[PDB]
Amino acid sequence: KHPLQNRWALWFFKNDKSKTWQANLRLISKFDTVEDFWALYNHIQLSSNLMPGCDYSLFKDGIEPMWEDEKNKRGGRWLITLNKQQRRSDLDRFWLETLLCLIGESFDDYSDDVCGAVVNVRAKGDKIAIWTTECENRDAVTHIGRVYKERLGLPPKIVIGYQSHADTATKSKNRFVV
């Protein structure tokens, strides 16, 4: 068995407006092994098969994929917005590449600023994002942004923005662009 450098947790969010947002978050499984990642990945629905309004989140064990976690509170997210009709060709590839980024510790010296990532499957258009711990840590955020952006192979001339969770919770947006 080939250990991962971090133990990871896959969370599911159910669009169920009859329950508060927090109660719609459910833990699916945790893994700290390459084999257990693949065993999880290979036997769970693709983000694209999720119902509109549902999210899959992959966060470091002990960090709940919500703004309220101490590790997310002062954080922010690198938000990748997907075009709705590109769902089929981009969504699952981007999500997997993202999990691999997290899991593979592709952010190196800035690995500890990464909290996890969330894939929001939405009718208006999907979003994938990586949650970092301090939206004030420009270097960390920028590095994670540049590495991440390159990894997914997003058109280089298009910019992706990083929003702080604080602004996301009080919007009527970008802290950094990359």
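The first residue of the sequence shown is number 1, and the count goes up from there. Definition used throughout: the rigid core is the maximal C-alpha set that superposes within 1.5 Å between two forms.
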Q) Is the larger C-alpha RMS shift in 9 other deposited structures of this protein, relative to this form with the rigid core superposed, found in 77-85 or in 93-101? A) 77-85
**Q.** Divergent stretch in 9 other deposited structures of this protein, 149-157 or 118-126 [C-alpha RMS, superposed by the core]
**A.** 149-157
(Q) Compared with other deposited entries of this protein, is residue 171 missing coordinates in at least a third of those that cover its neighbours? (A) yes
Q) Counting only residues from the deposited sequence, how many are left out of the model between residue 172 and residue 173 (none, 1 to 3, 4 to 9, 10 or more)? A) 4 to 9
Q) Per the PDB record, is the mean Cα temperature factor higher over 56-64 or over 136-144? A) 136-144
Q | 102-110 set against 82-90, stretch whose average Cα temperature factor tops the other in the entry | A | 82-90
Q | Candidate set 28, 130, 39, 123 [ranked by C-alpha B-factor, highest] | A | 123
Q.
Ranking the modelled residues of this chain by C-alpha B-factor as given in the entry, is residue 119 in the lowest, middle or highest third?
A. lowest
**Q.** Cα B factor band for residue 158 (lowest, middle or highest third within the chain)
**A.** highest
